[PDB]
Every structure is written in structure tokens, then in C-alpha cells.
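Comments concern the structure below.
Any value given below was found using the heavy atoms of this structure, including those in side chains, with hydrogens, waters and symmetry copies removed. Both counts, for ligands and for their atoms, begin at 1 and track the order of listing. Naming: A, B, ... by sequence-line order, numbering from 1 per chain.
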Amino acid sequence: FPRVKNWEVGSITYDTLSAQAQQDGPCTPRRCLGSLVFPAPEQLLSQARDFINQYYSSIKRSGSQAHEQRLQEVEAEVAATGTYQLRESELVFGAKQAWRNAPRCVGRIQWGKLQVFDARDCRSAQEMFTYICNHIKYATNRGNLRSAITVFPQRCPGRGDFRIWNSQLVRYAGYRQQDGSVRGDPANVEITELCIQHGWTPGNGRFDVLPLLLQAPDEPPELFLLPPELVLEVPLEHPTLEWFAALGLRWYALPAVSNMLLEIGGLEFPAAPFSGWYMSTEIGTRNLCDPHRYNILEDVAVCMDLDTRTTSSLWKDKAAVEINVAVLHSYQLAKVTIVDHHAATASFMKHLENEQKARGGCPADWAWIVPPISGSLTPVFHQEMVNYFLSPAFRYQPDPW
Amino acid sequence: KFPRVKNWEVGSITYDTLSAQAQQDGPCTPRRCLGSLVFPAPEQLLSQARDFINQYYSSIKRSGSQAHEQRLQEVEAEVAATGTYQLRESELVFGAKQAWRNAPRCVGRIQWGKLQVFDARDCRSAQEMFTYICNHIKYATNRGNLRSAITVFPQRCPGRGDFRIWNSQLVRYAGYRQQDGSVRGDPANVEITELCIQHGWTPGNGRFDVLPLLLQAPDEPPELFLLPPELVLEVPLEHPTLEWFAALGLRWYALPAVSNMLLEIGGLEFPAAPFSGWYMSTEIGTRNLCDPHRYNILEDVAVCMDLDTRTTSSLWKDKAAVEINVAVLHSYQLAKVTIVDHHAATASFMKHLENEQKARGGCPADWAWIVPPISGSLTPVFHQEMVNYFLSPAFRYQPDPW
Ligand code: HEM
Ligand code: HEM
Ligand SMILES: CNCc1cc(C#N)cc(OCc2ccc3c(C)cc(N)nc3c2)c1
Ligand SMILES: CNCc1cc(C#N)cc(OCc2ccc3c(C)cc(N)nc3c2)c1
Ligand SMILES: CNCc1cc(C#N)cc(OCc2ccc3c(C)cc(N)nc3c2)c1
Ligand SMILES: CNCc1cc(C#N)cc(OCc2ccc3c(C)cc(N)nc3c2)c1
Ligand SMILES: [Cl-]
Ligand SMILES: [Cl-]
Ligand SMILES: [Gd]
Ligand SMILES: [Gd]
Ligand SMILES: [Zn+2]
Ligand SMILES: [Zn+2]
Ligand SMILES: [Zn+2]
């Protein structure tokens with residue numbers, strides 16, 4: 001059992017939960033790859049079983065009357081049609097567990113408070129879109145953001161899946177140019193490439209909210225326009241640097257990742273958008289300052305009058321920090337939920353403490369838990385971590401096109 | 001089987017073939033990753049030796065005829081009459097550079113070619129030891145124009161005790177225990193400060209009192225030695241615009257010189273082989289000055305900046321840390337003492353990875369330690385995928401001789 005130590009505290013735990021890691025990671029004793037971004041009836045049955053026992057154990061029905069009944073209900077259902085159906089409650093449990101087991105998420109102390117939308121009765125593209133709109137609106141809540149997931153029908157033998165061709169529900173457009181540059185978010189060119197050619201008249205703004213590409217089974221994907229009152233945005237200003245507002249920057253309220261596949265007791269859900277609220281550094285450092293994102297660092301450095309000719313002026317660091325201050329301030333001023341990296345990591349340490357008492361440990365990925373700036377300043381930096389894979393889980397899947 | 005690794009800024013993909021020669025084992029399995037953990041005989045002595053010789057002869061291209069199979073059979077034979085063998089001085093230099101070349105956690109390996117290897121294998125006592133060390137410091141400091149160096153004292157061998165340096169670094173500041181629970185000076189060094197005194201040292205009462213050296217000869221107790229004050233180049237810390245900074249009274253030494261690691265070459269072990277480079281500002285700026293249990297001047301600096309330290313979302317911690325790093329960088333350049341910032345350090349490491357990929361088909365790198373402790377994603381190494389593993393020759397950790 002792994003001996004993990006908090007070097008700022010000198011305290012020790014043993015990760016006993018790691019011993020149950022359902023799958024295998026990419027590391028071996030020969031070489032570690034923990035920095036890599038992307039590492040059948042009896043099969044479905046054994047996964048189904050392991051999950052249903054995990055549910056009844058969680059609710060303390062270990063060996064109960066109602067316990068042995070559901071087991072053979074699944075045994076029957078799977079025996080009859082290979083695949084099987086999740087009870088509503090089993091599905092809510094699945095959604096929370098998957099969030100909870102996500103090793104790269106720093107906001108897991110909120111895992112028990114998640115709202116699950118059951119859209120498993122969905123039938124078409126138009127019906128998907130409505131369900132999404134109710135999601136975006138429930139979850140935005142006029143700025144007071146709330147965590148939620150919307151699950152669509154599980155996968156079925158010999159048939160096209162429901163998919164969301166958008167990586168997030170709200171993504172800005174990315175337009176190529178005559179001089180090969182890019183207008184907008186360049187991470188989203190591949191999907192603007194599509195939406196435009198899927199029947200969408202394109203803008204030219206740096207911050208054009210993309211339409212939703214939604215796909216029903218077999219009868220191919222179908223475009224959808226978002227109502228602009230559904231999509232809450234924050235204009236970005238800085239608390240003492242009056243010129244920052246004039247850069248014309250903004251970001252959206254709602255981090256809503258869609259293109260991941262949810263897996264619960266052997267059932268795979270190709271479409272299941274989940275959303276929380278933003279950590280400041282994701283907007284400040286990754287979205288605005290990354291070289292192949294919006295890449296504003298230098299522009300801001302120039303306006304602060306910093307020496308951009310020499311790395312030793314640390315202009316990059318100085319600019320980056322004030323870009324993060326602008327983000328927080330802008331969100332607070334607009335009363336839209338936001339968390340800074342110090343508050344985030346501090347709550348995560350509390351989470352490790354919780355998980356230690358509750359489950360014997362916690363799957364955490366150090367390289368993603370540590371924030372993109374001021375790493376050593378946060379308390380997760382000097383905390384040793386163990387990464388592994390549990391079920392239920394969120395997985396990646398091939399780009400649906 | 002080849003580990004496919006990608007640079008996510010550029011989009012470039014390489015295959016780390018070198019990882020296949022992974023000598024040791026790490027703490028990771030497919031069950032779980034432990035990559036964030038800080039700390040994880042004639043027959044096989046000969047197998048280690050053989051592999052080492054085959055590296056060294058392949059180095060100078062001429063490999064597989066001359067004194068190669070000669071040296072092998074010579075080494076294979078030298079183990080027979082004795083057990084332990086001895087390196088050709090050119091083999092020592094080669095292995096010395098290799099051990100730097102191989103260290104997965106050092107962002108400064110662009111320079112591994114230019115290292116000055118001092119052969120102190122004929123060293124005989126604690127006093128000659130001290131003399132080699134003063135010379136090391138003298139050459140490496142070079143009035144502020146720093147040069148990479150390493151001095152190799154005699155290998156561990158049966159029937160003799162070890163040469164050992166008890167200090168973790170050649171230059172370190174003392175750390176006294178006050179009555180009020182606080183520590184005057186560097187808290188990291190309370191232990192070694194305890195020992196120095198118990199072994200006769202008459203201590204100081206300053207926050208930057210340079211420590212003596214405790215030097216150990218085989219089967220002999222460690223002897224105490226004061227570095228001559230004019231041998232230790234120190235830098236006063238001041239901020240290029242914040243004039244009140246200078247009244248914090250801070251300084252750091254010029255030369256990072258780690259003295260407590262084991263050097264392993266071709267099965268042979270050099271428990272005493274101190275090596276030094278030059279600082280990267282973040283080590284001094286963030287780690288030594290801002291860490292809670294190091295010198296811990298962050299809140300203190302923040303208040304003087306009239307930042308709002310009552311709330312995390314003001315980012316007072318980040319703001320104060322950046323100016324502390326600016327002070328370090330500016331002070332070192334003022335003093336004409338060699339230093340390097342994390343943007344420069346990392347950009348060169350990216351070039352190193354390009355060299356190493358062409359040279360050896362890979363490069364052992366520990367992501368969590370290469371990525372600077374502030375502004376991670378502002379540097380190119382953040383978005384570069386890496387493969388961590390153990391190759392020999394190597395610098396290794398070893399027990400405190402007490
Ligand atoms: C409510 C507050 C939340 C916060 C503050 C938060 C924060 C974060 C952050 C900072 C990351 C790192 C992302 C990166 O570096 O790319 C992350 C990843 C992740 N989070 Fe959370 N998140 C929240 C809600 C949620 C919810 C509601 C779910 C699922 C139901 C979730 C599951 C995940 C997953 C699966 C990842 C890994 C995704 C990937 O790396 O592709 N989180 N989160
Ligand atoms: C010349 C300029 C050099 C720079 C800028 C540099 C920089 C660094 C840094 C920043 C670290 C990480 C330390 C930490 O985060 O605590 C490191 C680790 C390391 N470096 Fe250096 N270094 C230099 C020279 C050298 C030389 C000459 C050697 C050996 C001959 C060396 C060997 C090592 C080793 C073995 C480690 C890992 C030690 C450990 O993990 O405990 N470096 N280096
Ligand atoms: C650029 N990094 C690689 C990357 C690629 C993709 C893809 N394709 C998705 C990624 O998900 C990060 C993520 C996911 C969900 C989040 C939620 C719910 C809340 C929150 N605050 N932050 C979140 C961050 C990250
Ligand atoms: C947005 N998709 C394209 C893209 C663009 C840019 C740019 N410019 C950078 C990207 O890096 C993804 C990435 C790669 C490695 C990471 C590691 C080791 C750790 C970590 N915490 N996050 C990481 C994120 C991806
Ligand atoms: C807190 N870190 C744990 C730690 C433990 C041990 C042990 N045992 C050794 C460590 O050496 C880091 C190091 C080593 C050599 C360096 C050289 C030559 C130059 C330079 N600029 N920085 C360096 C940093 C760090
Ligand atoms: C007790 N020794 C002194 C000491 C003091 C403090 C304090 N305050 C912190 C210490 O941990 C260093 C450490 C721990 C984990 C690290 C990880 C995962 C990655 C990385 N790049 N560097 C790391 C450095 C050590
Ligand atoms: Cl995002
Ligand atoms: Cl140091
Ligand atoms: Gd101006
Ligand atoms: Gd001033
Ligand atoms: Zn690993
Ligand atoms: Zn990034
Ligand atoms: Zn530290």
C-alpha cells in the first residue's frame with residue numbers, strides 16, 4: 001500500500017483505495033508516463049455486477065432483502081437483450097461517483113452536490129437541444145452557477161449513437177485567414193470548420209458563440225442555434241488598470257464539457273454534458289495566455305509598459321498575474337460564480353482528508369491538480385499523490401466526425 | 001511498444017526509444033502512478049561494468065576492436081583478483097557527464113557537455129579533502145562568472161570506511177532554534193547546525209551565518225572546517241524599484257553545490273562527489289524565500305507592497321512572489337554573478353530534448369520537477385509530454401551518516 005506524504009506537514013497516509021483500480025494506466029516499473037494527455041456478454045455482466053454491489057454497499061444495503069433482488073434482475077435483463085437499463089437512482093449514483101473518481105478534477109469537494117438530468121427517453125435532435133437548453137439555464141441560474149449533468153440514451157447494438165459534436169456547449173468560433181492566422185479561439189477551428197459546412201452562417205468576431213452540432217442516431221447530425229439570453233457572458237475589466245476594458249475581452253460563465261463518454265456499470269453514454277463553474281486560472285492563464293489560444297500575454301505586457309525584449313523582466317509573469325486579477329474581479333463584479341486557484345486547492349486538500357476517512361484514499365493526478373501559475377504557492381504542490389482509474393468514470397472518445 | 005510523446009504547442013511527436021534501456025525500476029505500475037513521490041557482489045558488478053564500457057567506447061565512435069574488448073577483459077579480470085576495479089581518468093570524466101546528462105529532474109542539462117571534472121581519487125585525508133573543496137569552490141565561482149564542476153573523491157571499497165561530506169551543500173546558512181519556537185536563519189538546516197555545534201563549532205546568531213564543513217575520512221570521525229569568508233561569494237538582495245526591499249536584509253550565496261549525493265559509475269560508487277552549477281532564480285525566489293518552512297518572507301513582502309492579504313482572490317501571494325523573483329534576478333545581474341530565469345532555463349531544455357532525441361533517441365525527464373514552481377504553463381515544458389526513467393551512470397540519494 002502506497003505511502004503518501006504531505007511535505008509541508010510531514011503527515012503520512014496509505015492509499016488503500018488504489019488497490020481496487022478497475023483498469024490499468026500507462027505507467028510500468030520501467031518508465032513513468034504520468035504526463036501524457038491521452039493514455040462481450042460476460043464482460044458487460046461482471047462490470048454491471050461490480051457496480052450494483054457498489055451501489056447497495058454505499059446505501060448500506062450490503063446483504064439486504066432488496067439487494068439480492070436487483071442482482072438477478074440485471075442477470076435476467078442482460079441474459080435477454082445483452083444490454084440492460086439503469087434505475088434512476090442507480091444512474092444518479094453513477095454520475096456522482098464518476099465525478100468523484102475523476103483524478104484530474106480539482107473541484108471534487110463538491111461531488112455530492114450534483115444535479116442529474118435524465119434524458120434517456122430522448123428520441124431526436126430537436127429533443128436533445130431542448131434538454132440542453134434546460135441544462136444551460138438550470139446551471140447558469142443568473143450567475144449563481146450550479147453543477148449538473150444531462151444523460152442521453154445509452155449505447156445500443158448495431159446503431160449510431162447520440163453525440164454532441166461540440167467539445168463544450170459554449171465555445172467561441174475560430175476563423176482562418178488569407179494570411180494563415182486565426183480569428184477567435186483557435187482550439188475551435190476544427191469545429192467551426194464543421195458548423196459552417198453544416199449549415200451555419202458565420203460571424204467574424206473574436207468571440208462568436210458557436211452553434212450546437214447535435215446528432216441523433218443514424219439520421220445524421222443537425223445544427224441548432226443557442227438563444228443569446230441563455231448564454232451568460234462576463235466582460236473583462238481590471239480593478240485599477242482602466243485601459244484593460246478597452247482590450248475588448250470577455251469569457252462565458254459556464255464551463256460545460258460535452259464530448260466525453262460517461263461509463264457506469266458497463267454501460268457507455270456517448271452523450272452526457274456536465275458543467276460546473278470556472279477556476280480563475282483556466283480563463284486567465286490557459287484560455288487567454290496560452291500561445292495557441294488567445295495569446296494576449298504580450299499585448300497586456302506592452303500596456304503595462306514592461307520590457308518585452310528580455311525574459312528576465314518577468315513581464316510574462318507580471319502580465320499573467322494581472323490578467324488573472326482581471327478575470328476574478330470581472331466575475332465577482334458581475335456576480336458570476338468563480339473560484340481562485342488558492343481557494344480551489346485549499347478545498348481540495350480538505351477533500352483528500354475526507355476521502356481518506358471515507359474510502360481509504362483518493363485518485364489524484366498531480367500534474368493536473370497543481371494550477372498553471374503559482375504552483376508552489378498552493379498547498380497541493382508539496383502534497384504527494386497517487387493516480388489510478390476507478391469506476392464509474394468519465395472517459396474520452398474519438399471525435400464523432 | 002515505443003512511448004509516443006507529443007509537444008502540444010508545436011504538435012510534434014517523438015518516440016522515446018532510449019527508455020528501453022531503463023536500468024532500474026520506478027515506483028509506478030499499471031495499477032497506480034507514484035510519479036509525484038519525492039523519494040522512491042561480483043557477478044552483477046561485472047554486468048554493470050560491461051554495459052558502462054560499451055557506452056564509453058561507443059561515445060568516441062571507435063567501438064569494438066582496439067582497447068575496447070581489451071578493457072572489458074581487463075576489467076573482467078581486474079574484478080577477479082580484487083572485486084572492485086578502477087576507471088581510466090577519461091572513463092571517469094565520461095561517466096561524470098553521463099550522470100548529469102541522465103538526471104531526470106535537472107532543467108539545466110543543455111550544459112552537460114561542459115563540466116569540469118576534478119579527479120580527487122588519490123585524496124588521502126580530511127585535510128586534503130578540504131583543500132580539494134576550496135579549489136572546487138574557487139574554480140566554479142570564478143569571481144561570479146560561474147562554471148559547472150564536480151570533484152570525485154575515492155570510490156567506496158571493502159575494508160575501508162567512506163569519504164563523506166556531512167553537509168547537504170558546500171554553502172548553506174545556519175538555522176538556530178529560538179526559545180519562542182521560531183528559527184533564526186534557514187529552517188531547512190536545523191539538523192546540520194545542531195551537529196556542527198556538537199562537534200565544536202562556535203555558532204552565530206544571524207539569519208545568514210555560513211556553515212562550517214564537516215568532513216569525513218574513512219574510519220575516522222568527521223572533522224570541522226571553516227570556509228574562508230573571502231571564498232564564499234554572496235549576493236545582497238535588493239529590488240530594482242522597491243527601495244524598501246533592501247532593508248529586509250536578505251542575501252543568498254552564488255554557488256549551488258550539492259555535496260551529499262552518491263555518484264554511481266559502472267557499478268562503482270562515489271559517496272563523496274560534490275557538483276555545482278549556477279542558480280535558476282525560482283529556486284532562490286520561490287523555494288528558498290517563499291516556502292512556509294524556509295525563510296517565508298511572502299506575507300511580509302506582501303504587506304510592504306500594501307496588498308490585500310485578507311483574501312486569496314486578491315492574488316497577493318502571486319503578486320509578492322513575482323516581485324521577489326524580480327529582486328533575485330536583478331540583484332544577481334547587478335553583482336555580475338551568473339543566474340538564469342525559468343523562461344530561459346526551460347527554452348534551453350527544449351533544445352536539449354531536441355539534441356537528446358537526435359543523439360540517443362530519447363531523454364529521461366520528470367515533468368513535475370522540470371516545470372518551474374511559478375508560471376508553469378507560461379514556459380514551453382508545461383505542454384511537452386515526458387518520459388521518466390533511470391539510466392546509469394547516475395546521481396543517487398544515500399543515508400545521512402548518522
Ligand atoms: C463545480 C466546480 C468544478 C471545478 C472548480 C472544476 C475544476 C476543474 C479543473 C481546474 C480541471 C482541470 C482541467 C484542465 O486542466 O484541463 C478539471 C477537470 C475535470 N473535471 Fe472538474 N470542475 C468542476 C466541476 C466538475 C463537474 C460538475 C464534473 C463532472 C460531473 C467534473 C469532472 C471533471 C473531469 C472528468 C475532468 C478531466 C477532464 C479532462 O481533463 O479532459 N468537474 N476540473
Ligand atoms: C549549470 C546550471 C544548472 C542549473 C540551472 C540546474 C538546475 C536544476 C534545478 C532547478 C533542479 C530542480 C531542483 C529542485 O526543484 O529542487 C535540478 C535538479 C538536479 N540537478 Fe541541476 N542544475 C545545473 C547544473 C547541474 C550540474 C552541473 C549537475 C551535476 C553534475 C546537476 C545535477 C542535478 C541533479 C542530480 C538533480 C536532481 C537532484 C534531486 O532530484 O534530488 N545540475 N537542477
Ligand atoms: C486544454 N486542456 C486539455 C483538455 C481537453 C479537453 C478536451 N477535449 C477537455 C478538457 O477538460 C478540462 C475541463 C473539463 C471540465 C471542467 C468542468 C466541468 C469545470 C471546470 N471548472 N473545468 C473543467 C475543465 C481539457
Ligand atoms: C486546447 N487543445 C490544443 C492545445 C493547445 C495548446 C496551446 N498553446 C496547449 C495544449 O496543451 C494541452 C496540455 C498538454 C499537456 C499538459 C500537461 C502535461 C499537464 C497539464 N496540467 N495540462 C496539459 C495540457 C493543447
Ligand atoms: C527540495 N528539493 C529536494 C532535494 C533533495 C535532494 C537531496 N538529497 C537534492 C536536491 O537537489 C536539487 C538540486 C541539485 C543540484 C543543483 C545544481 C547543481 C544547480 C542548481 N541551480 N540547482 C540544483 C538543485 C533537492
Ligand atoms: C522537509 N524537506 C524540506 C521541504 C520543505 C517544504 C516546504 N515548505 C517542502 C518540501 O517538499 C519538496 C517537494 C515536494 C513535492 C514536490 C513535487 C511533488 C514536485 C516538485 N516539482 N517538487 C516537489 C518538492 C521539502
Ligand atoms: Cl475552457
Ligand atoms: Cl538551494
Ligand atoms: Gd501610456
Ligand atoms: Gd520606488
Ligand atoms: Zn507514473
Ligand atoms: Zn495550457
Ligand atoms: Zn518548495
**Prompt:** Does OH belonging to A:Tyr396 count more than 12 external heavy atoms closer than 6.0 Å?
**Reply:**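 Buried by this count: over 12 neighbours within 6.0 Å.
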**Asked** Does the ring of B:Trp8 carry B:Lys6 above it, NZ/CZ under 6.0 angstrom from centre and within 45° of its axis?
**Response**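 Here B:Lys6 passes the 6.0 Å and 45° test against B:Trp8.
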**Asked** Could A:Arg146 and A:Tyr138 be counted as a cation-pi pair, given that NZ or CZ must be under 6.0 Å from the ring centre and within 45° of the axis?
**Response**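 Positive - A:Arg146 is close enough to the ring of A:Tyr138 and near enough to its axis.
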For ligand 3, which atoms, with element, lie under 4.0 Å from some heavy atom of [X]?
X	result
A:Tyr278	21 (N)
A:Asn259	8 (N)
A:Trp277	20 (C), 21 (N)

Are [X] and [Y] linked by a side-chain donor-acceptor pair shorter than 3.5 Å?
X	Y	result
A:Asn324	A:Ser280	no
A:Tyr278	A:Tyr252	yes
A:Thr150	A:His135	yes

**Asked** A:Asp185: what forms a salt bridge (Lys or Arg N to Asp or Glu O under 4.0 Å) with it, not counting sequence neighbours?
**Response**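 For A:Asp185, the residues satisfying salt bridge (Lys or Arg N to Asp or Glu O under 4.0 Å) (neighbours in sequence not counted) are A:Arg171, A:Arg293.
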**Request:** With heavy atoms under 4.0 Å as the rule, classify the contact between A:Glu282 and ligand 3 as side chain, backbone, both or neither.
**Result:**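 For A:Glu282, only side-chain atoms sit under 4.0 Å from ligand 3.
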**Prompt:** Just distances here: any N/O of A:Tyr396 and N/O of ligand 3 closer than 3.5 Å?
**Reply:**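 So ligand 3 has no N or O lying under 3.5 Å from an N or O of A:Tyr396.
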Could you pull out the N/O contacts under 3.5 angstrom between ligand 6 and the surrounding protein atoms?
residue: ligand 6; atom: 21 (N); partner: B:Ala368; partner atom: O; Å: 2.2

**Message:** Checking the side chain of A:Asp290 only, and the main-chain atoms of A:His292 only, is there a donor and an acceptor separated by less than 3.5 Å?
**Reply:**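 No.
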